[PDB]
*Asks:* 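Below you'll find the structure I mean.
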Amino acid sequence: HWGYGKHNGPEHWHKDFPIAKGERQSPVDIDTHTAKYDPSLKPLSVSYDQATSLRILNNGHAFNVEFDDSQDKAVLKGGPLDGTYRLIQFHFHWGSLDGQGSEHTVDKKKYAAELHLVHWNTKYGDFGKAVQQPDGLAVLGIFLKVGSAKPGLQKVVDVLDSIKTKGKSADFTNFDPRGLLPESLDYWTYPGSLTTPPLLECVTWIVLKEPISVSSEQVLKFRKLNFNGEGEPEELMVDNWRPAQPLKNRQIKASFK
Ligand SMILES: CC(C)(C)c1cc(=O)[nH]c(SCC(=O)c2ccc(Cl)c(S(N)(=O)=O)c2)n1
Ligand code: NA
Ligand SMILES: [Zn+2]
């Protein structure tokens with residue numbers, strides 16, 4: 001039932017998932033001036049050399065590219081984290097227009113899209129158990145701006161036509177997520193939540209300072225996807241982002257400057 005429309009959008013989610021109004025919801029506006037620099041933060045460690053992509057799915061909310069997380073093959077560590085977190089999937093949120101689409105904002109600025117590389121703490125054994133823990137997930141958020149193409153994204157954009165409607169999936173092997181990373185790993189970090197129901201407060205958010213550039217044609221193809229299932233009426237998959245939520249009693253830390 002939840003979705004991104006007038007009748008089932010972010011403003012309605014609290015009725016099914018009361019934690020929507022909780023103490024550590026995501027996303028948030030990142031006020032770059034009042035984020036606290038912390039020289040004790042470690043560089044982020046992104047080890048994606050052995051990543052095994054498997055499949056791409058349209059789940060009716062976004063598309064997920066999933067990875068084999070049954071061994072430590074693509075891991076996030078270091079940065080603000082004490083655990084090791086295995087990459088399970090990445091997905092994006094995007095807008096109907098280049099002027100919006102990101103979930104996190106930076107000094108109130110919206111980006112055309114936001115990538116989320118979702119990782120779970122190896123100490124909880126699997127994704128389902130990790131989401132039930134305040135330190136279960138580490139999500140690496142990367143902003144997309146529209147400009148030059150990101151060559152490393154194109155293999156993704158080119159399969160979208162095969163997963164147009166809700167429920168479709170396609171084989172998606174040998175995709176290297178290192179081709180989606182900006183040059184710098186400088187980051188902001190804060191404790192927060194999934195940005196979709198069930199909105200569980202289990203995420204350490206690591207949002208990179210440097211956006212990647214993608215072309216207008218690349219983002220255009222995201223917007224040709226559908227929220228509906230095949231042979232139901234066409235509802236374009238656009239604006240699948242949750243707006244910024246109150247920061248409440250949290251401090252955003254910066255690894256830099
Ligand atoms: C998250 C889970 C429970 C697998 C799920 C359930 C659901 O009903 N709909 C969706 S769609 C969004 C999504 O798959 C997902 C998974 C993990 C994370 Cl951390 C995030 S986010 N948007 O916080 O990064 C989204 N996902
Ligand atoms: Na262009
Ligand atoms: Zn997300």
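Residue numbers run from 1 in the order of the sequence given.
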*Asks:* Before you tell me yes or no, could you show the steps for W241 and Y4 under ring-ring contact (aromatic ring centres under 6.0 Å, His included), namely the whole-Å CA-CA distance, both residues' side-chain angles and the distance that decides it to 0.1 Å?
*Replies:* CA-CA 8 Å; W241 49 279; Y4 295 89; 8.8 Å; no

*Asks:* Taking side chain as C-beta onward, heavy atoms only, is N226 less than 4.5 Å from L236?
*Replies:*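 Of all side-chain heavy-atom pairs linking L236 with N226, at least one is under 4.5 Å.
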
*Asks:* Kindly compute the distance separating CD (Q132) from CZ (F127), expressed to the nearest 0.5 Å.
*Replies:*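 These two atoms lie 10.0 Å from each other.
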
*Asks:* Test your reading of the model: is there a side-chain donor-acceptor pair from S215 to the backbone of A149, 3.5 Å cut-off?
*Replies:*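 Pair absent, no side-chain N/O of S215 close to backbone of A149.
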
*Asks:* Are the ring centres of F67 and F172 closer than 6.0 Å?
*Replies:*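 When the ring centroids of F67 and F172 are compared, they turn out to be at least 6.0 Å apart.
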
*Asks:* Looking at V46, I142, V139, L76, which one forms a side-chain contact (heavy atoms from CB on, under 4.5 Å) with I206?
*Replies:*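 With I206 as partner, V46, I142, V139, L76 yield a single side-chain contact (heavy atoms from CB on, under 4.5 Å), made by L76.
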
*Asks:* Give a yes or no on whether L194 and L247 share a hydrophobic cluster (residues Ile, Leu, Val, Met, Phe, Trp, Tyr; joining criterion: side-chain heavy atoms under 4.5 Å apart).
*Replies:*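 Yes, because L194 and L247 connect within a single hydrophobic cluster, where side-chain heavy atoms sit under 4.5 Å apart.
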
*Asks:* Is a donor on one side and an acceptor on the other found under 3.5 Å between the side chain of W13 and the backbone of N8?
*Replies:*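 Side chain of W13 to backbone of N8, a donor-acceptor pair under 3.5 Å: yes, one is there.
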
*Asks:* So, does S193 use its side chain to make a donor-acceptor pair with the main chain of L200 at under 3.5 Å?
*Replies:*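 Answer holds: no.
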
*Asks:* Is there side-chain contact between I212 and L181, with heavy atoms separated by less than 4.5 Å?
*Replies:*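 Contact flag for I212/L181 side chains = no.
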
*Asks:* Scan residues 233-257 for pairs that pass salt bridge (charged side-chain N to carboxylate O under 4.0 Å, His left out), counting only residues two or more places apart or in two chains.
*Replies:*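 Salt bridge (charged side-chain N to carboxylate O under 4.0 Å, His left out) check on residues 233-257 returns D38-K253, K164-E234.
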
*Asks:* Are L115 and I88 connected into the same hydrophobic cluster when the rule is that any two of I, L, V, M, F, W, Y join if their side-chain heavy atoms are below 4.5 Å apart?
*Replies:*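 No, no single cluster joins them.
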
*Asks:* First locate atom CG of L160, then atom CG of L220, and finally report the distance between them rounded to the nearest 0.5 Å.
*Replies:*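 The distance works out to 12.0 Å.
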
*Asks:* What are the two closest non-hydrogen atoms of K42 and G78, and how far apart are they?
*Replies:*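 Heavy atoms only, the tightest pair is CB-C, 4.4 Å.
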
*Asks:* Keeping the roles fixed (side chain from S169, backbone from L57), state whether a donor-acceptor pair exists under 3.5 Å.
*Replies:*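 Such a contact is absent between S169 side chain and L57 backbone.
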
*Asks:* Side-chain contact test, heavy atoms from C-beta onward, threshold under 4.5 Å: evaluate it for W188 versus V106 and give yes or no.
*Replies:*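 Yes; the side chains approach each other to less than 4.5 Å.
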
*Asks:* If we ignore angles and hydrogens, is there a donor and acceptor under 3.5 Å between the side chains of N240 and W94?
*Replies:*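 There is no such pair (donor and acceptor under 3.5 Å, judged by atom type) between the side chains of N240 and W94.
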
*Asks:* Quick check: closest heavy atoms across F17 and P198, and the distance to 0.1 Å?
*Replies:*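 That closest heavy-atom pairing would be CD2-CA, 3.8 Å.
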
*Asks:* Taking all atoms of both residues into account, what is the closest heavy-atom pair of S162 and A170, and its distance?
*Replies:*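 The pair with the smallest heavy-atom distance is OG-CB, 3.7 Å.
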
*Asks:* Please work out which of the three classes, parallel, tilted or perpendicular, describes the rings of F63 and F222, given edges at 30° and 60°.
*Replies:*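 Judged by the thresholds at 30° and 60°, the geometry between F222 and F63 is perpendicular.
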
*Asks:* How close do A244 and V28 get, counting heavy atoms only, and between which atoms?
*Replies:*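 Looking at all heavy atoms of both residues, the shortest contact is CB-C, 3.9 Å.
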
*Asks:* Consider only side-chain heavy atoms of I, L, V, M, F, W and Y, link residues closer than 4.5 Å, and tell whether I30 and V203 are in one cluster.
*Replies:*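 Same hydrophobic cluster.
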
*Asks:* Any chance you could measure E103, atom CD, to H93, atom NE2, to the nearest 0.5 Å?
*Replies:*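 If we round to the nearest 0.5 Å, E103:CD and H93:NE2 are 3.5 Å apart.
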
*Asks:* I'd like to know if the side chain of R86 reaches the main chain of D69, judged simply by a donor and an acceptor atom lying under 3.5 Å from each other, with no hydrogens or angles considered.
*Replies:*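 Checking the backbone N and O of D69 against the side chain of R86, a donor-acceptor pair under 3.5 Å is found.
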
*Asks:* For the pair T189 and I252, evaluate side-chain contact (heavy atoms from CB on, under 4.5 Å) and give the outcome as yes or no after the intermediate values.
*Replies:* CA-CA 6 Å; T189 186; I252 303 181; over 6 Å; no

*Asks:* Indicate yes or no: at least one non-hydrogen side-chain atom of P182 is less than 4.5 angstrom from one of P211.
*Replies:*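 No, side chains not in contact.
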
*Asks:* Please report the shortest heavy-atom distance between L185 and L44, naming the atom on each side.
*Replies:*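 Here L185 and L44 meet closest at CD1-O, 3.9 Å.
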
*Asks:* Has the side chain of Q25 got a donor or acceptor atom that lies under 3.5 Å from a matching backbone atom of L199?
*Replies:*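 Side chain of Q25 to backbone of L199: a pair is present.
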
*Asks:* Can you list the residues that meet the side chain to side chain donor-acceptor pair (under 3.5 Å) rule with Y190, with sequence neighbours excluded?
*Replies:*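 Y190 satisfies side chain to side chain donor-acceptor pair (under 3.5 Å) with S26, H104 once adjacent residues are dropped.
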
*Asks:* Report the residues that fulfil ring-ring contact (aromatic ring centres under 6.0 Å, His included) with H61, sequence neighbours left out, ordered by chain and then residue number.
*Replies:*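 By the ring-ring contact (aromatic ring centres under 6.0 Å, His included) rule, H61 matches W2.
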
*Asks:* When rounded to the nearest 0.5 angstrom, what is the spacing between OG in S213 and CG in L153?
*Replies:*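 Output value for this atom pair is 11.5 Å.
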
*Asks:* Will you find, in the side chains of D29 and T105, an N or O donor that is under 3.5 Å from an N or O acceptor?
*Replies:*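 Judged by distance alone, the side chains do pair up.
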
*Asks:* Is any side-chain heavy atom of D158 closer than 4.5 Å to one of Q154?
*Replies:*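 They are in side-chain contact.
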
*Asks:* Using a 3.5 Å distance criterion without hydrogens, assess whether the side chain of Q133 forms a donor-acceptor pair with backbone atoms of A130.
*Replies:*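 Not a single qualifying donor-acceptor pair exists.
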
*Asks:* Which residue pairs pass the salt bridge (charged side-chain N to carboxylate O under 4.0 Å, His left out) test when at least one of the two sits in residues 114-142, sequence neighbours left out?
*Replies:*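 Matches after skipping sequence neighbours: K123-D135.
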
*Asks:* Any chance you could lay out the side-chain hydrogen bond (donor to acceptor under 3.5 Å, both in side chains) test for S102 and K110, step after step, and finish with the verdict?
*Replies:* CA-CA 6 Å; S102 67; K110 305 161 154 105; over 6 Å; no

*Asks:* Does the pair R55/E66 count as a salt bridge with the N-to-O cut at 4.0 Å?
*Replies:*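 Here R55 pairs with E66 in a salt bridge, since their nearest N and O are under 4.0 Å apart.
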
*Asks:* Using the salt bridge (charged side-chain N to carboxylate O under 4.0 Å, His left out) rule, collect all pairs that involve residues 205-224, keeping only residues at least two apart or in two chains.
*Replies:*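 Passing the test, one end in residues 205-224: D98-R223, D186-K209.
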
*Asks:* Flag yes if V75 and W205 sit in one hydrophobic cluster, no otherwise; membership is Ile, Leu, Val, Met, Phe, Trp, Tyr, and two members link when side-chain heavy atoms are under 4.5 Å apart.
*Replies:*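 Different clusters.
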
*Asks:* Begin from the C-alpha positions of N228 and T165 and carry the test side-chain contact (heavy atoms from CB on, under 4.5 Å) through to its verdict.
*Replies:* CA-CA 6 Å; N228 55 284; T165 53; 3.9 Å; yes

*Asks:* Nearest 0.5 Å, what's the CE-CD1 distance between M237 and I163?
*Replies:*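 If we round to the nearest 0.5 Å, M237:CE and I163:CD1 are 8.0 Å apart.
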
*Asks:* State, to 0.1 Å, how close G152 and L180 come at their nearest heavy-atom pair, and which atoms those are.
*Replies:*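 Closest approach of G152 to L180: O-CD2, 3.8 Å.
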
*Asks:* Look at the side chain of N59 and the backbone N and O of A62, then say whether any donor-acceptor pair between them is shorter than 3.5 Å.
*Replies:*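 Yes, because the side chain of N59 sits within donor-acceptor range (under 3.5 Å) of the backbone of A62.
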
*Asks:* Can you get from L87 to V65 by hopping between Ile, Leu, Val, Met, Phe, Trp and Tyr side chains that sit under 4.5 Å apart?
*Replies:*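 Linked, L87 and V65 end up in one cluster.
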
*Asks:* Given side-chain contact (heavy atoms from CB on, under 4.5 Å), test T52 with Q71 step by step and report yes or no.
*Replies:* CA-CA 10 Å; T52 298; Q71 305 178 64; over 6 Å; no

*Asks:* Mind checking whether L140 and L208 have side chains closer than 4.5 Å, heavy atoms only?
*Replies:*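 A side-chain contact exists here, since the closest heavy-atom pair is under 4.5 Å.
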
*Asks:* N58: what forms a side chain to side chain donor-acceptor pair (under 3.5 Å) with it, not counting sequence neighbours?
*Replies:*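 Residues passing side chain to side chain donor-acceptor pair (under 3.5 Å) with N58: none at all.
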
*Asks:* For atom NZ of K166, decide whether the heavy atoms of other residues, nucleotides or ligands shown that lie under 6.0 angstrom number more than 12.
*Replies:*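 No, because the 6.0 Å sphere around NZ of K166 holds 12 heavy atoms or fewer from other groups.
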
*Asks:* Keeping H12 on the side-chain end and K6 on the backbone end, is there a donor-acceptor pair under 3.5 Å?
*Replies:*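 Confirmed, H12 side chain pairs with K6 backbone.
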
*Asks:* Please determine if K109 and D107 form a salt bridge, counting it only when a charged side-chain N lies under 4.0 Å from a carboxylate O.
*Replies:*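 Salt bridge: no.
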
*Asks:* Could you state the interatomic distance from NE2 (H116) to CD (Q89), rounded to the nearest 0.5 Å?
*Replies:*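 Result: 10.5 Å between the selected atoms.
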
*Asks:* Is the number of heavy atoms from other residues, nucleotides or ligands within 6.0 Å of CG (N174) greater than 12?
*Replies:*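 Not buried by this count: 12 neighbours or fewer within 6.0 Å.
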
*Asks:* Can you tell me if NZ on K73 sees more than 12 non-hydrogen neighbours from other groups inside 6.0 Å?
*Replies:*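 Yes, NZ of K73 has more than 12 neighbouring heavy atoms, counting only those of other groups under 6.0 Å.
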
